[PDB]
Amino acid sequence: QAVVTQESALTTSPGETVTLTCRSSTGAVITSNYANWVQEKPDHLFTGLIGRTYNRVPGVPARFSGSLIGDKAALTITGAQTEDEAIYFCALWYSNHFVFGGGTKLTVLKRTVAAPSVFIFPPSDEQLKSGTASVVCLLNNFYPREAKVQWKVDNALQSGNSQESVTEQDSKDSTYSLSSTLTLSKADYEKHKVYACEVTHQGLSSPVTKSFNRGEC
Amino acid sequence: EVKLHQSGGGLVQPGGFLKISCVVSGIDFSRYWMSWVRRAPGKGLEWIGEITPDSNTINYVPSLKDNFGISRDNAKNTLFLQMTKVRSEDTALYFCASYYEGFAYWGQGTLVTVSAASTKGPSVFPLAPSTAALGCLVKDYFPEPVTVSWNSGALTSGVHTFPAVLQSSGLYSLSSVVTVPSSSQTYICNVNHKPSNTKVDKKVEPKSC
Amino acid sequence: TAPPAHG
């Protein structure tokens, strides 16, 4: 059940150099892991960059190079362009199959950081009549993409009961908007009082918490 | 000029069966390793398997060995992916890819949705305000296309309609929000779900205690 | 044969 680990997110800017790493849970990455790097651009647009740790796929710009630094495989971009903002996936070969890592969201800074405006929406009475309760946390017009929404219910950390959705990057001001929906049955919703959304983002000094108490205004 | 043209896919119920095709042109298919890969919502790229030009070696990630089968017909420049006894977690965009040093050539992707749901219109719930934010929650519909407008199309700026999420129920849910200059007007989301012949207009106003 | 992504 090998796991391939990459940085979740990294930030560079046009003209700079940045290196991404790829680590194996079984030990040091070696030649027979044949590290491959694949770039995912918006619209699920995939491009192979590097195969077998070092080799450029034909047509890939020379600013992409592979390496083995220490126990890890690495991708280096020398002179990053705006077009390089993407998710970079590393796959390692384990004798008879490839395993992709979780991917690195690479930001090539387009603009000043913009912190999200954070809004929480309790479930309507109308939804509660239907037997379910959805709590909606909105993150509006933020940049860059990386953001952490965490739900706390009576200060208990939630897990598995929320889903996230994000807009396209805005073509004019480069921002995103994100919804995080906490979905409970009405019964589970009414067992608790404090419903809190906690948001972490670069534009925020400290994480921001929007909350409400069930049954008040 | 090099084209990996995918076809097939679509909706299949849990336990069902589906075969995807990938027809290659612009290269001598019979000398290329081919691979299938997938991209599920909220999950990274996952490699499914690969197959040699002569089909004598077919490799799979072991966890998918029992639900995916790879084959090719070099005479018809076609790569195949058989999906077998599909599970709900197999909902994803599937891509064929050809090896040249790395993952060199890529198909346009095939959407496969695994859901046991029958068609069903959404419930529309207000997201009451309190720059002010408000919206509509469009919950538990099937299949995917809903259209959302605000005030019959008049209101467009500040509007964010989020991609639908497929829930573990096999139903879609979606939100649509607007920022407005803290006024009172009247705000109505118009939700149209053609497959269920659903048309709902929901007024969104502040909660009264 | 086109070189594959692994050896």
# chains A, B, ... in the order shown; residues from 1 in each chain; ligands from 1
$ closest_atom_pairs --of "chain C" --to "chain A" --cutoff "8 Å" --atoms "only C-alpha atoms" --output "Markdown table"
| residue | atom | partner | partner_atom | distance |
| --- | --- | --- | --- | --- |
| C:5 | CA | A:51 | CA | 5.3 |
| C:6 | CA | A:34 | CA | 5.4 |
| C:7 | CA | A:34 | CA | 7.2 |
$ write_last_selection --atoms "N, CA and C atoms" --output "short mmCIF file (atom, residue, chain, number, x, y, z; two decimals), in the first residue's frame"
data_model
loop_
_atom_site.label_atom_id
_atom_site.label_comp_id
_atom_site.auth_asym_id
_atom_site.auth_seq_id
_atom_site.Cartn_x
_atom_site.Cartn_y
_atom_site.Cartn_z
N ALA C 5 7.49 4.74 -19.98
CA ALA C 5 7.70 5.59 -18.81
C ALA C 5 8.41 4.89 -17.64
N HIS C 6 8.67 3.59 -17.75
CA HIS C 6 9.49 2.88 -16.76
C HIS C 6 10.33 1.85 -17.50
N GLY C 7 11.42 1.43 -16.85
CA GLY C 7 12.29 0.41 -17.40
C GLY C 7 12.05 -0.97 -16.79
#
$ closest_atom_pairs --of "chain B" --to "chain C" --cutoff "6 Å" --atoms "only C-alpha atoms" --output "tab-separated table"
residue	atom	partner	partner_atom	distance
B:31	CA	C:1	CA	4.7
B:32	CA	C:2	CA	5.4
B:99	CA	C:4	CA	5.0
B:100	CA	C:3	CA	5.2
B:101	CA	C:5	CA	5.0
B:102	CA	C:5	CA	4.3
$ write_last_selection --atoms "C-alpha atoms" --output "compact mmCIF listing (two decimals), in the first residue's frame"
# COMPACT_ATOMS: atom_id res chain seq x y z
CA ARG B 31 4.71 0.36 -31.05
CA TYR B 32 3.43 2.34 -28.03
CA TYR B 99 4.19 6.44 -23.19
CA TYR B 100 7.12 8.18 -24.83
CA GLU B 101 9.82 8.60 -22.15
CA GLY B 102 6.95 9.72 -19.88
$ interface_residues --of "chain B" --to "chain A" --cutoff "8 Å" --atoms "only C-alpha atoms" --output "ChimeraX atom specification"
/B:43-47,49,59-62,100-106,125-129,133,160-165,175,209
$ residues_around --residues "residue 110 (chain A)" --least-positions-apart "2" --cutoff "8 Å" --atoms "only C-alpha atoms" --output "list in words"
residues 13, 82, 108, 112 and 174 of chain A
$ residues_around --residues "residue 183 (chain B)" --least-positions-apart "4" --cutoff "12 Å" --atoms "only C-alpha atoms" --output "list in words"
residues 129, 130, 131, 132, 133, 134, 179, 187, 205 and 206 of chain B
$ write_last_selection --atoms "N, CA, C and O atoms" --output "PDB file, in the first residue's frame"
ATOM      1  N   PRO B 129     -29.371  36.230   4.072  1.00  0.00           N
ATOM      2  CA  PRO B 129     -28.279  37.162   4.379  1.00  0.00           C
ATOM      3  C   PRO B 129     -28.206  37.483   5.865  1.00  0.00           C
ATOM      4  O   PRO B 129     -29.237  37.645   6.525  1.00  0.00           O
ATOM      5  N   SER B 130     -26.966  37.484   6.377  1.00  0.00           N
ATOM      6  CA  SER B 130     -26.463  38.148   7.603  1.00  0.00           C
ATOM      7  C   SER B 130     -25.639  37.182   8.453  1.00  0.00           C
ATOM      8  O   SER B 130     -24.810  37.606   9.264  1.00  0.00           O
ATOM      9  N   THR B 131     -21.119  44.956   2.415  1.00  0.00           N
ATOM     10  CA  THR B 131     -21.284  43.765   1.584  1.00  0.00           C
ATOM     11  C   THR B 131     -22.028  42.656   2.332  1.00  0.00           C
ATOM     12  O   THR B 131     -21.587  42.205   3.396  1.00  0.00           O
ATOM     13  N   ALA B 132     -23.157  42.225   1.770  1.00  0.00           N
ATOM     14  CA  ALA B 132     -23.960  41.139   2.316  1.00  0.00           C
ATOM     15  C   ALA B 132     -23.963  39.958   1.353  1.00  0.00           C
ATOM     16  O   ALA B 132     -24.007  40.142   0.133  1.00  0.00           O
ATOM     17  N   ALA B 133     -23.923  38.746   1.905  1.00  0.00           N
ATOM     18  CA  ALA B 133     -23.922  37.521   1.117  1.00  0.00           C
ATOM     19  C   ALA B 133     -25.220  36.751   1.332  1.00  0.00           C
ATOM     20  O   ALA B 133     -25.708  36.632   2.460  1.00  0.00           O
ATOM     21  N   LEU B 134     -25.778  36.238   0.240  1.00  0.00           N
ATOM     22  CA  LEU B 134     -26.984  35.423   0.292  1.00  0.00           C
ATOM     23  C   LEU B 134     -26.927  34.424  -0.854  1.00  0.00           C
ATOM     24  O   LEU B 134     -26.094  34.532  -1.761  1.00  0.00           O
ATOM     25  N   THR B 179     -23.174  38.452  -3.673  1.00  0.00           N
ATOM     26  CA  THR B 179     -22.857  39.576  -2.804  1.00  0.00           C
ATOM     27  C   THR B 179     -23.596  40.804  -3.320  1.00  0.00           C
ATOM     28  O   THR B 179     -23.620  41.057  -4.529  1.00  0.00           O
ATOM     29  N   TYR B 187     -34.632  39.299  -3.794  1.00  0.00           N
ATOM     30  CA  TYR B 187     -33.654  38.420  -4.422  1.00  0.00           C
ATOM     31  C   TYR B 187     -34.273  37.042  -4.577  1.00  0.00           C
ATOM     32  O   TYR B 187     -34.731  36.449  -3.592  1.00  0.00           O
ATOM     33  N   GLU B 205     -34.678  36.199   1.639  1.00  0.00           N
ATOM     34  CA  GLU B 205     -34.795  37.396   2.455  1.00  0.00           C
ATOM     35  C   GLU B 205     -34.284  37.088   3.857  1.00  0.00           C
ATOM     36  O   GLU B 205     -34.115  35.918   4.211  1.00  0.00           O
ATOM     37  N   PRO B 206     -34.015  38.118   4.666  1.00  0.00           N
ATOM     38  CA  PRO B 206     -33.413  37.865   5.982  1.00  0.00           C
ATOM     39  C   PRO B 206     -34.332  37.061   6.889  1.00  0.00           C
ATOM     40  O   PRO B 206     -35.558  37.154   6.813  1.00  0.00           O
TER      41      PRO B 206
END
$ closest_residue --among "B:111, B:54, B:14, B:199" --to "residue 75 (chain B)" --atoms "only C-alpha atoms"
B:54
$ select_by_dssp --residues "region 78-180 of chain A" --states "alpha helix (DSSP H)" --output "ChimeraX atom specification"
/A:125-129
$ select_by_dssp --residues "region 30-152 of chain A" --states "strand (DSSP E or B)" --output "VMD selection string"
chain A and resid 36 to 41 45 to 51 55 to 56 64 to 69 72 to 78 86 to 93 98 to 100 104 to 108 114 117 to 121 132 to 143 148 to 152
$ write_last_selection --atoms "C-alpha atoms" --output "compact mmCIF listing (two decimals), in the first residue's frame"
# COMPACT_ATOMS: atom_id res chain seq x y z
CA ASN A 36 7.39 10.47 -13.63
CA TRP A 37 6.11 14.03 -13.39
CA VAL A 38 2.74 15.04 -14.83
CA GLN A 39 1.34 18.58 -14.88
CA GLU A 40 -2.41 19.19 -14.41
CA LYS A 41 -3.60 22.56 -15.70
CA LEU A 45 -5.43 19.31 -19.00
CA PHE A 46 -2.57 16.90 -18.34
CA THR A 47 0.97 17.13 -19.69
CA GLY A 48 3.81 14.68 -19.11
CA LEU A 49 7.02 16.48 -18.16
CA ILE A 50 9.62 13.96 -17.00
CA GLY A 51 9.91 10.19 -17.23
CA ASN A 55 14.20 12.34 -19.06
CA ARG A 56 12.19 15.17 -20.62
CA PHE A 64 11.99 21.61 -16.56
CA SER A 65 14.55 19.17 -15.15
CA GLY A 66 14.45 16.11 -12.93
CA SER A 67 16.84 15.08 -10.19
CA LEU A 68 17.47 12.81 -7.20
CA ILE A 69 18.24 14.97 -4.14
CA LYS A 72 13.75 11.87 -2.93
CA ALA A 73 12.98 12.55 -6.57
CA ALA A 74 12.60 16.18 -7.53
CA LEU A 75 11.25 18.44 -10.26
CA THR A 76 12.92 21.82 -10.78
CA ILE A 77 11.51 24.70 -12.82
CA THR A 78 14.17 27.29 -13.70
CA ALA A 86 -0.63 23.93 -12.07
CA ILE A 87 -0.83 20.80 -9.98
CA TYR A 88 2.29 18.65 -10.38
CA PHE A 89 1.87 14.90 -9.85
CA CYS A 90 4.78 12.54 -9.24
CA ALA A 91 4.36 8.82 -9.94
CA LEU A 92 6.73 6.18 -8.58
CA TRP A 93 7.11 2.68 -10.04
CA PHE A 98 2.75 3.26 -10.78
CA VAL A 99 1.55 5.14 -7.70
CA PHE A 100 0.91 8.88 -8.04
CA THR A 104 1.67 19.86 -5.41
CA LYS A 105 -0.48 22.91 -6.10
CA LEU A 106 2.10 25.31 -7.54
CA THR A 107 1.18 29.00 -7.41
CA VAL A 108 3.09 31.33 -9.74
CA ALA A 114 -6.27 38.58 -1.15
CA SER A 117 -14.43 37.31 3.10
CA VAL A 118 -15.93 34.56 5.26
CA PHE A 119 -19.69 34.04 5.63
CA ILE A 120 -21.54 31.25 7.44
CA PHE A 121 -25.13 30.23 6.69
CA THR A 132 -31.71 17.40 6.86
CA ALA A 133 -29.49 20.33 7.85
CA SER A 134 -26.76 21.86 5.71
CA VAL A 135 -24.43 24.51 7.13
CA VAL A 136 -22.70 26.54 4.42
CA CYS A 137 -19.41 28.37 4.83
CA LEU A 138 -18.54 30.76 2.00
CA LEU A 139 -15.02 31.96 1.21
CA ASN A 140 -15.30 34.85 -1.23
CA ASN A 141 -12.79 36.36 -3.68
CA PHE A 142 -9.50 35.07 -2.31
CA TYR A 143 -6.06 34.44 -3.79
CA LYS A 148 -8.19 25.26 4.84
CA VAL A 149 -11.82 25.13 5.97
CA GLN A 150 -12.40 23.23 9.21
CA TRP A 151 -15.74 22.64 10.93
CA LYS A 152 -16.15 22.56 14.70
$ residues_around --residues "residue 34 (chain B)" --least-positions-apart "3" --cutoff "7 Å" --atoms "only C-alpha atoms" --output "ChimeraX atom specification"
/B:50-52,97-99
$ atom_distance --atom1 "CA of residue 67 (chain B)" --atom2 "CA of residue 119 (chain B)"
26.2 Å
$ residues_around --residues "residue 136 (chain B)" --least-positions-apart "4" --cutoff "10 Å" --atoms "only C-alpha atoms" --output "mmCIF file with N, CA and C atoms, in the first residue's frame"
data_model
loop_
_atom_site.group_PDB
_atom_site.id
_atom_site.type_symbol
_atom_site.label_atom_id
_atom_site.label_comp_id
_atom_site.auth_asym_id
_atom_site.auth_seq_id
_atom_site.Cartn_x
_atom_site.Cartn_y
_atom_site.Cartn_z
ATOM 1 N N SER B 123 -34.530 20.113 -4.210
ATOM 2 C CA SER B 123 -35.142 21.028 -3.262
ATOM 3 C C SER B 123 -34.292 22.287 -3.183
ATOM 4 N N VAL B 124 -34.942 23.441 -3.153
ATOM 5 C CA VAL B 124 -34.233 24.713 -3.147
ATOM 6 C C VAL B 124 -34.456 25.376 -1.798
ATOM 7 N N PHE B 125 -33.363 25.642 -1.081
ATOM 8 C CA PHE B 125 -33.477 26.224 0.244
ATOM 9 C C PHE B 125 -32.753 27.561 0.291
ATOM 10 N N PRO B 126 -33.334 28.565 0.940
ATOM 11 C CA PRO B 126 -32.701 29.882 0.961
ATOM 12 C C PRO B 126 -31.484 29.893 1.870
ATOM 13 N N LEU B 127 -30.471 30.660 1.452
ATOM 14 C CA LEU B 127 -29.300 30.985 2.266
ATOM 15 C C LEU B 127 -29.446 32.457 2.621
ATOM 16 N N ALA B 128 -30.009 32.714 3.800
ATOM 17 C CA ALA B 128 -30.476 34.045 4.157
ATOM 18 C C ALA B 128 -29.296 34.963 4.470
ATOM 19 N N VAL B 148 -29.113 27.704 -12.709
ATOM 20 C CA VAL B 148 -29.480 28.667 -11.682
ATOM 21 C C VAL B 148 -29.308 30.058 -12.258
ATOM 22 N N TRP B 150 -30.546 34.378 -11.217
ATOM 23 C CA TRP B 150 -31.003 35.257 -10.147
ATOM 24 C C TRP B 150 -31.849 36.374 -10.745
ATOM 25 N N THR B 161 -21.954 30.518 -8.788
ATOM 26 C CA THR B 161 -22.683 29.255 -8.778
ATOM 27 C C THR B 161 -21.651 28.133 -8.777
ATOM 28 N N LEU B 174 -25.534 21.537 -4.670
ATOM 29 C CA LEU B 174 -24.888 22.701 -5.262
ATOM 30 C C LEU B 174 -25.383 23.946 -4.537
ATOM 31 N N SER B 175 -24.518 24.953 -4.435
ATOM 32 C CA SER B 175 -24.896 26.253 -3.896
ATOM 33 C C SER B 175 -24.629 27.340 -4.922
ATOM 34 N N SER B 176 -25.369 28.441 -4.794
ATOM 35 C CA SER B 176 -25.232 29.609 -5.659
ATOM 36 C C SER B 176 -25.405 30.846 -4.798
ATOM 37 N N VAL B 177 -24.393 31.711 -4.767
ATOM 38 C CA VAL B 177 -24.365 32.827 -3.832
ATOM 39 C C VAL B 177 -24.189 34.136 -4.595
ATOM 40 N N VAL B 178 -24.638 35.230 -3.965
ATOM 41 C CA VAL B 178 -24.485 36.588 -4.490
ATOM 42 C C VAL B 178 -24.071 37.522 -3.360
ATOM 43 N N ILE B 188 -34.299 36.542 -5.811
ATOM 44 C CA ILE B 188 -34.954 35.282 -6.133
ATOM 45 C C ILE B 188 -34.008 34.464 -6.991
ATOM 46 N N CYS B 189 -33.752 33.230 -6.584
ATOM 47 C CA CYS B 189 -33.006 32.323 -7.436
ATOM 48 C C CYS B 189 -33.998 31.469 -8.215
ATOM 49 N N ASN B 190 -33.727 31.317 -9.511
ATOM 50 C CA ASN B 190 -34.529 30.517 -10.427
ATOM 51 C C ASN B 190 -33.753 29.244 -10.721
ATOM 52 N N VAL B 191 -34.325 28.102 -10.362
ATOM 53 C CA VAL B 191 -33.665 26.813 -10.508
ATOM 54 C C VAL B 191 -34.479 25.979 -11.484
ATOM 55 N N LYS B 202 -37.235 30.788 -5.653
ATOM 56 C CA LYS B 202 -37.203 30.903 -4.206
ATOM 57 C C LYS B 202 -36.765 32.315 -3.857
ATOM 58 N N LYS B 203 -37.610 33.023 -3.115
ATOM 59 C CA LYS B 203 -37.260 34.335 -2.597
ATOM 60 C C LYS B 203 -36.311 34.166 -1.417
ATOM 61 N N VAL B 204 -35.246 34.959 -1.392
ATOM 62 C CA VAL B 204 -34.224 34.880 -0.351
ATOM 63 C C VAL B 204 -34.214 36.211 0.395
#
$ residues_around --residues "residue 211 (chain A)" --least-positions-apart "2" --cutoff "8 Å" --atoms "only C-alpha atoms" --output "PyMOL selection string"
chain A and resi 120+194-197+209+213
